[PDB]
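Containing compact mmCIF, C-alpha atoms and all ligand atoms: structure38.txt.
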```
# COMPACT_ATOMS: atom_id res chain seq x y z
CA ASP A 3 -16.97 -57.36 -18.88
CA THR A 4 -14.29 -55.18 -20.49
CA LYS A 5 -14.47 -51.85 -22.28
CA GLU A 6 -13.82 -53.60 -25.56
CA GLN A 7 -16.72 -56.02 -25.01
CA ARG A 8 -18.98 -53.07 -24.12
CA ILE A 9 -18.01 -51.36 -27.40
CA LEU A 10 -18.72 -54.51 -29.44
CA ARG A 11 -22.07 -54.94 -27.65
CA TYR A 12 -22.98 -51.31 -28.28
CA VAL A 13 -22.21 -51.63 -32.03
CA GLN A 14 -24.32 -54.82 -32.18
CA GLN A 15 -27.28 -52.96 -30.59
CA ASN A 16 -26.86 -49.60 -32.32
CA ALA A 17 -25.78 -50.31 -35.87
CA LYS A 18 -27.15 -52.10 -38.89
CA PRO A 19 -25.52 -55.43 -39.76
CA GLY A 20 -23.67 -55.24 -43.09
CA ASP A 21 -23.48 -51.41 -42.87
CA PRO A 22 -19.90 -50.35 -42.08
CA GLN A 23 -20.68 -46.62 -41.89
CA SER A 24 -23.28 -47.30 -39.11
CA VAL A 25 -20.66 -49.43 -37.22
CA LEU A 26 -18.15 -46.53 -37.29
CA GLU A 27 -20.80 -44.07 -36.16
CA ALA A 28 -21.81 -46.28 -33.26
CA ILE A 29 -18.24 -46.69 -32.07
CA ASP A 30 -17.62 -42.93 -32.33
CA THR A 31 -20.79 -42.19 -30.39
CA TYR A 32 -19.88 -44.72 -27.69
CA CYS A 33 -16.40 -43.33 -27.30
CA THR A 34 -17.52 -39.74 -27.26
CA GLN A 35 -20.47 -40.17 -24.90
CA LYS A 36 -19.64 -43.19 -22.73
CA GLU A 37 -16.01 -44.40 -22.53
CA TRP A 38 -12.97 -43.18 -24.44
CA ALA A 39 -11.04 -45.84 -26.41
CA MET A 40 -7.87 -45.79 -28.55
CA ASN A 41 -9.67 -46.22 -31.93
CA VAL A 42 -8.21 -43.99 -34.66
CA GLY A 43 -11.38 -41.94 -34.42
CA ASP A 44 -13.28 -39.83 -36.88
CA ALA A 45 -10.86 -36.84 -37.20
CA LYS A 46 -7.85 -38.96 -38.13
CA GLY A 47 -10.25 -41.48 -39.74
CA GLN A 48 -11.22 -38.89 -42.32
CA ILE A 49 -7.55 -38.42 -43.25
CA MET A 50 -7.14 -42.19 -43.51
CA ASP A 51 -10.19 -42.39 -45.80
CA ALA A 52 -8.71 -39.67 -48.06
CA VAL A 53 -5.44 -41.60 -48.27
CA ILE A 54 -7.09 -44.96 -48.98
CA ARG A 55 -9.19 -43.31 -51.71
CA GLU A 56 -6.10 -41.74 -53.30
CA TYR A 57 -4.10 -44.96 -53.52
CA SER A 58 -6.84 -47.62 -53.87
CA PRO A 59 -4.49 -50.25 -52.42
CA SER A 60 -5.04 -53.83 -53.45
CA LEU A 61 -3.31 -55.26 -50.33
CA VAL A 62 -3.08 -53.38 -47.00
CA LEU A 63 -1.36 -54.55 -43.80
CA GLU A 64 -2.52 -53.14 -40.49
CA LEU A 65 -0.39 -53.52 -37.36
CA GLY A 66 -2.53 -53.42 -34.24
CA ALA A 67 -6.26 -54.00 -34.85
CA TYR A 68 -7.56 -53.29 -31.35
CA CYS A 69 -11.37 -53.39 -31.74
CA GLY A 70 -11.38 -53.30 -35.52
CA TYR A 71 -12.34 -49.66 -36.02
CA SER A 72 -9.56 -48.86 -38.50
CA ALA A 73 -10.02 -52.30 -40.16
CA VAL A 74 -13.71 -51.42 -40.78
CA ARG A 75 -12.73 -47.94 -41.89
CA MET A 76 -10.22 -49.15 -44.39
CA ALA A 77 -11.92 -52.31 -45.60
CA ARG A 78 -15.16 -50.49 -46.44
CA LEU A 79 -13.29 -48.35 -49.01
CA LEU A 80 -11.34 -51.23 -50.65
CA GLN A 81 -12.14 -52.11 -54.29
CA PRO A 82 -13.70 -55.43 -55.10
CA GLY A 83 -11.06 -58.16 -54.61
CA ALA A 84 -8.73 -55.95 -52.55
CA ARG A 85 -7.71 -57.33 -49.18
CA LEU A 86 -6.65 -56.19 -45.71
CA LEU A 87 -4.47 -58.25 -43.35
CA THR A 88 -4.49 -57.06 -39.75
CA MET A 89 -2.23 -58.28 -36.98
CA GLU A 90 -3.32 -58.31 -33.35
CA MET A 91 -1.36 -60.02 -30.58
CA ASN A 92 -4.01 -59.77 -27.83
CA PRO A 93 -6.36 -62.72 -28.43
CA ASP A 94 -9.21 -61.00 -26.66
CA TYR A 95 -8.90 -58.03 -28.98
CA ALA A 96 -8.42 -60.22 -32.02
CA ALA A 97 -11.76 -61.82 -31.15
CA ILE A 98 -13.45 -58.44 -30.79
CA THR A 99 -12.06 -57.30 -34.14
CA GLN A 100 -13.21 -60.48 -35.92
CA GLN A 101 -16.67 -60.02 -34.50
CA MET A 102 -16.76 -56.34 -35.41
CA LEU A 103 -15.79 -57.19 -39.02
CA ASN A 104 -18.38 -59.94 -39.18
CA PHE A 105 -21.08 -57.57 -37.96
CA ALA A 106 -20.03 -55.01 -40.64
CA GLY A 107 -20.14 -57.69 -43.29
CA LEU A 108 -16.49 -57.17 -44.22
CA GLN A 109 -15.18 -60.56 -43.17
CA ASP A 110 -14.46 -61.67 -46.73
CA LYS A 111 -12.13 -58.69 -47.28
CA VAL A 112 -10.08 -58.87 -44.10
CA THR A 113 -7.94 -61.48 -42.41
CA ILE A 114 -7.25 -60.97 -38.72
CA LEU A 115 -4.04 -62.69 -37.68
CA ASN A 116 -3.69 -63.35 -33.94
CA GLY A 117 -0.01 -62.93 -33.16
CA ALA A 118 2.91 -60.51 -32.73
CA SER A 119 3.89 -58.61 -35.83
CA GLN A 120 7.60 -59.44 -35.48
CA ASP A 121 6.66 -63.14 -35.63
CA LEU A 122 4.06 -62.91 -38.39
CA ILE A 123 5.68 -60.43 -40.78
CA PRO A 124 8.44 -62.97 -41.73
CA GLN A 125 5.71 -65.51 -42.62
CA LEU A 126 3.75 -63.27 -44.96
CA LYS A 127 5.55 -64.25 -48.18
CA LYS A 128 5.61 -68.03 -47.70
CA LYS A 129 2.54 -68.73 -45.51
CA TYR A 130 0.09 -66.01 -46.72
CA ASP A 131 1.30 -65.71 -50.33
CA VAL A 132 2.09 -62.00 -50.17
CA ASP A 133 4.46 -60.56 -52.70
CA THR A 134 4.56 -56.85 -51.73
CA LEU A 135 2.32 -54.61 -49.77
CA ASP A 136 0.57 -51.58 -51.25
CA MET A 137 -0.03 -49.86 -47.91
CA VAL A 138 0.77 -50.42 -44.22
CA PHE A 139 -1.11 -48.79 -41.33
CA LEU A 140 1.00 -48.60 -38.16
CA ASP A 141 -1.04 -48.38 -34.98
CA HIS A 142 0.46 -50.84 -32.55
CA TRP A 143 2.91 -50.30 -29.69
CA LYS A 144 4.68 -47.05 -30.58
CA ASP A 145 8.18 -48.35 -29.97
CA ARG A 146 7.52 -51.05 -32.57
CA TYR A 147 6.87 -48.71 -35.50
CA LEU A 148 10.53 -48.37 -36.50
CA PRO A 149 11.52 -51.95 -35.89
CA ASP A 150 8.59 -53.35 -37.89
CA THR A 151 9.26 -50.86 -40.74
CA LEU A 152 12.83 -52.12 -40.94
CA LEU A 153 11.60 -55.74 -40.72
CA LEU A 154 9.13 -55.19 -43.57
CA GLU A 155 11.94 -53.87 -45.72
CA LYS A 156 14.26 -56.80 -44.78
CA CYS A 157 11.51 -59.24 -45.68
CA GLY A 158 11.12 -57.76 -49.18
CA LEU A 159 7.56 -56.70 -48.45
CA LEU A 160 7.95 -53.04 -49.50
CA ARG A 161 8.02 -51.87 -53.06
CA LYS A 162 8.54 -48.43 -54.67
CA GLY A 163 5.41 -46.59 -53.83
CA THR A 164 4.39 -48.58 -50.75
CA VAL A 165 2.50 -46.17 -48.49
CA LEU A 166 3.22 -46.31 -44.75
CA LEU A 167 0.60 -44.47 -42.71
CA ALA A 168 1.44 -44.10 -39.01
CA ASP A 169 -1.02 -43.12 -36.26
CA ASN A 170 -0.08 -41.23 -33.10
CA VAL A 171 3.14 -39.70 -34.32
CA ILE A 172 2.47 -36.82 -31.85
CA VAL A 173 0.58 -38.53 -29.01
CA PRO A 174 1.72 -40.89 -27.61
CA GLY A 175 4.40 -40.11 -30.21
CA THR A 176 6.84 -42.23 -32.17
CA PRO A 177 10.02 -40.17 -32.04
CA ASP A 178 12.50 -42.73 -33.41
CA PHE A 179 10.25 -43.73 -36.33
CA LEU A 180 9.47 -40.16 -37.21
CA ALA A 181 13.13 -39.07 -37.09
CA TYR A 182 14.16 -42.09 -39.18
CA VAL A 183 11.61 -41.82 -42.01
CA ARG A 184 12.02 -37.99 -42.23
CA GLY A 185 15.79 -38.33 -42.41
CA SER A 186 15.86 -41.22 -44.90
CA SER A 187 16.26 -40.85 -48.62
CA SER A 188 14.22 -44.08 -48.89
CA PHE A 189 11.02 -42.32 -47.72
CA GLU A 190 9.08 -39.28 -48.89
CA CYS A 191 7.15 -38.07 -45.85
CA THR A 192 4.09 -35.98 -45.26
CA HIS A 193 2.66 -34.89 -41.90
CA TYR A 194 -1.16 -34.64 -41.53
CA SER A 195 -1.96 -32.68 -38.36
CA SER A 196 -5.13 -33.72 -36.62
CA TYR A 197 -6.60 -34.49 -33.21
CA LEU A 198 -6.36 -37.40 -30.86
CA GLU A 199 -9.39 -39.61 -31.13
CA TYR A 200 -12.40 -38.13 -29.34
CA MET A 201 -10.23 -35.40 -27.68
CA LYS A 202 -9.21 -31.76 -28.09
CA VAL A 203 -5.59 -32.73 -28.18
CA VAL A 204 -3.30 -32.30 -31.18
CA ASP A 205 -2.13 -35.50 -32.80
CA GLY A 206 -1.22 -36.45 -36.37
CA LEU A 207 -0.56 -39.09 -38.95
CA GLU A 208 2.64 -39.45 -40.87
CA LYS A 209 2.61 -40.80 -44.45
CA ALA A 210 5.93 -42.21 -45.55
CA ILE A 211 6.11 -43.44 -49.13
CA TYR A 212 8.90 -46.03 -49.64
CA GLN A 213 11.21 -45.09 -52.51
CA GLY A 214 13.32 -48.25 -52.67
CA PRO A 215 16.88 -48.90 -51.53
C1 LIG B 301 3.95 -56.26 -31.79
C2 LIG B 301 2.44 -56.27 -31.94
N1 LIG B 301 1.88 -57.16 -32.77
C3 LIG B 301 0.51 -57.25 -32.90
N2 LIG B 301 -0.35 -56.48 -32.25
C4 LIG B 301 0.22 -55.61 -31.40
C5 LIG B 301 1.58 -55.42 -31.23
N3 LIG B 301 1.83 -54.46 -30.31
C6 LIG B 301 0.69 -54.00 -29.93
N4 LIG B 301 -0.38 -54.68 -30.57
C7 LIG B 301 -1.82 -54.36 -30.46
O1 LIG B 301 -2.04 -53.05 -30.98
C8 LIG B 301 -2.93 -52.38 -30.03
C9 LIG B 301 -2.16 -51.38 -29.22
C10 LIG B 301 -1.81 -50.25 -29.78
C11 LIG B 301 -1.00 -49.25 -29.06
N5 LIG B 301 -1.75 -48.02 -29.33
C12 LIG B 301 -1.66 -47.09 -28.34
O2 LIG B 301 -1.08 -47.35 -27.28
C13 LIG B 301 -2.45 -45.87 -28.50
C14 LIG B 301 -2.56 -45.01 -27.38
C15 LIG B 301 -3.26 -43.81 -27.46
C16 LIG B 301 -3.33 -42.97 -26.23
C17 LIG B 301 -3.30 -41.60 -26.42
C18 LIG B 301 -3.42 -40.76 -25.30
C19 LIG B 301 -3.48 -41.41 -24.09
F1 LIG B 301 -3.59 -40.51 -23.03
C20 LIG B 301 -3.53 -42.78 -23.88
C21 LIG B 301 -3.44 -43.60 -25.01
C22 LIG B 301 -3.90 -43.41 -28.65
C23 LIG B 301 -3.79 -44.28 -29.74
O3 LIG B 301 -4.42 -43.90 -30.93
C24 LIG B 301 -3.04 -45.45 -29.69
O4 LIG B 301 -3.02 -46.22 -30.82
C25 LIG B 301 -3.50 -53.41 -29.06
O5 LIG B 301 -4.63 -54.00 -29.72
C26 LIG B 301 -2.29 -54.34 -28.99
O6 LIG B 301 -2.63 -55.68 -28.60
CL CL B 302 -8.56 -48.36 -34.58
CL CL B 303 2.39 -47.83 -27.32
CL CL B 304 10.55 -36.38 -46.72
CL CL B 305 -12.45 -38.07 -33.28
MG MG B 306 -3.64 -45.14 -32.50
```
What do you get writing this file as structure tokens?
Amino acid sequence: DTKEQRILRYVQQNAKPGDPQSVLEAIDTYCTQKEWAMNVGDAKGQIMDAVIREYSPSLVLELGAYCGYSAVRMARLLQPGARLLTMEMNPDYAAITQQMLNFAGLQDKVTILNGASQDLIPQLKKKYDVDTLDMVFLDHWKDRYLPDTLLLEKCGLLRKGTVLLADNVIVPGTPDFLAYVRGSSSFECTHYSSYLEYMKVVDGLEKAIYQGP
């Protein structure tokens, strides 16, 4: 089997069903002790939690679910009735994420869309009845951060106050996105220095709050 299947199996055998905190702990233990994986991790995860708690977003979009770690992290802090949509183009990973969410008992709060973000984002308004997004977590291919930001704005999915939170702005890095949001009068940006998941390597998150056109 694959690393991702091993992680799902480990969660299933080392966490309590319906207990998201135990699911996160199990994944963090697996990835620290057994096999590294590109989950946001606990160091950056704590920053994410602090952000989610500040803004209490009613609708969050996540680009790049992977195994569902960040989806569990975010969805567990959502208020009753609040929703997370997560896009994942790799069907194998989309299946892992759905199963991870089911195990955590968060399946009613999250929808996992199996496709490419550039194909699905234009469908959000008409097919998924989205008006605007309250928050967007960017954690997919790093060269897609800027193009999907620009696509979200073209699609009318951003509103004044929409929070963009971007992983890996240092490693692997997202130089074009970072330069763009920091230079644009349409974003107010904050850098949160942290560490690469499960590693003593500097990384960080960038928060970019959309200010309108
Ligand atoms: C257009 C589109 N649409 C839908 N899903 C999409 C999508 N593009 C990608 N995806 C999905 O998102 C995930 C992939 C995320 C890419 N993340 C990283 O590559 C990543 C890498 C590291 C890393 C750091 C140091 C290293 F030495 C090696 C790797 C750390 C990270 O935290 C990363 O996130 C993966 O699940 C992929 O299918
Ligand atoms: Cl993750
Ligand atoms: Cl990438
Ligand atoms: Cl700024
Ligand atoms: Cl960590
Ligand atoms: Mg990442």
Could the residues that lie within 9 Å of ligand CL 302 (chain B), counting all atoms listed in the file, be listed as a JSON list (two decimals) with C-alpha atoms, keeping the file's coordinate frame?
```
[["chain", "number", "residue", "atom", "x", "y", "z"],
["A", 39, "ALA", "CA", -11.04, -45.84, -26.41],
["A", 40, "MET", "CA", -7.87, -45.79, -28.55],
["A", 41, "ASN", "CA", -9.67, -46.22, -31.93],
["A", 42, "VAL", "CA", -8.21, -43.99, -34.66],
["A", 43, "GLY", "CA", -11.38, -41.94, -34.42],
["A", 47, "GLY", "CA", -10.25, -41.48, -39.74],
["A", 66, "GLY", "CA", -2.53, -53.42, -34.24],
["A", 67, "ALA", "CA", -6.26, -54.00, -34.85],
["A", 68, "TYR", "CA", -7.56, -53.29, -31.35],
["A", 69, "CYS", "CA", -11.37, -53.39, -31.74],
["A", 70, "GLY", "CA", -11.38, -53.30, -35.52],
["A", 71, "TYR", "CA", -12.34, -49.66, -36.02],
["A", 72, "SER", "CA", -9.56, -48.86, -38.50],
["A", 73, "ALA", "CA", -10.02, -52.30, -40.16],
["A", 74, "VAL", "CA", -13.71, -51.42, -40.78],
["A", 75, "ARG", "CA", -12.73, -47.94, -41.89],
["A", 141, "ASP", "CA", -1.04, -48.38, -34.98]]
```
Around ligand CL 305 (chain B), which protein and nucleic acid residues have at least one atom no more than 6 Å from it, if we count only C-alpha atoms and all ligand atoms? List them as a ChimeraX atom specification.
/A:43-45,199-200
Centre, edges in Å (one decimal): axis-aligned box, region 125-129 of chain A, 3 Å padding on all six sides, as AutoDock Vina command-line options:
```
--center_x 4.1 --center_y -66.0 --center_z -45.4 --size_x 9.2 --size_y 11.5 --size_z 11.6
```
Using only C-alpha atoms and all ligand atoms, which residues of the polymer chains come no farther than 10 Å from ligand LIG 301 (chain B)? I'd like the answer as a ChimeraX atom specification.
/A:38-43,46,64-70,88-96,98-99,115-123,140-147,149-150,168-175,197-201,203,205-206
Produce as a list in words the set of residues near ligand CL 304 (chain B), where near means within 6 Å with all atoms listed in the file considered.
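So, counting all atoms listed in the file, the residues near ligand CL 304 (chain B) are residues 184, 190 and 191 of chain A.
The smallest atom-to-atom distance between ligand CL 303 (chain B) and any of A:125, A:176, A:13, A:165, using all atoms listed in the file, is found for A:176.
Using all atoms listed in the file, the shortest contact distance between residue 55 (chain A) and any of A:101, A:134, A:81, A:164 is found at A:81.
Between CA of residue 26 (chain A) and CA of residue 50 (chain A) the interatomic distance comes to 13.4 Å.
Closest approach to residue 29 (chain A) among A:102, A:157, A:52, A:148: A:102, based on all atoms listed in the file.
Distances here use only C-alpha atoms; by that measure, the residue among A:208, A:133, A:27, A:37 closest to residue 8 (chain A) is A:37.
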Given the choices A:187, A:167, A:151, A:192, which gets closest to ligand MG 306 (chain B) if the distance is worked out from only C-alpha atoms and all ligand atoms?
A:167
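Computed from the coordinates, the CA of residue 138 (chain A) to CA of residue 194 (chain A) distance equals 16.1 Å.
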I'd like the interatomic distance between CA of residue 19 (chain A) and CA of residue 107 (chain A), to a tenth of an Å.
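For CA of residue 19 (chain A) relative to CA of residue 107 (chain A), the distance reads 6.8 Å.
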Here is a test: counting all atoms listed in the file, which residue of A:185, A:177, A:124, A:59 is nearest to ligand CL 303 (chain B)?
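Selected residue with least distance to ligand CL 303 (chain B): A:177.
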Neighbour list for residue 155 (chain A) as a list in words, cut-off 10 Å, all atoms listed in the file, skip fewer than 5 positions in-chain
residues 134, 150, 160, 161, 212, 214 and 215 of chain A
Atoms to include: C-alpha atoms. Write the selected residues as a short mmCIF file (atom, residue, chain, number, x, y, z; two decimals), in the frame of the given file.
```cif
data_model
loop_
_atom_site.label_atom_id
_atom_site.label_comp_id
_atom_site.auth_asym_id
_atom_site.auth_seq_id
_atom_site.Cartn_x
_atom_site.Cartn_y
_atom_site.Cartn_z
CA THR A 134 4.56 -56.85 -51.73
CA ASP A 150 8.59 -53.35 -37.89
CA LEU A 160 7.95 -53.04 -49.50
CA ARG A 161 8.02 -51.87 -53.06
CA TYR A 212 8.90 -46.03 -49.64
CA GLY A 214 13.32 -48.25 -52.67
CA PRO A 215 16.88 -48.90 -51.53
#
```
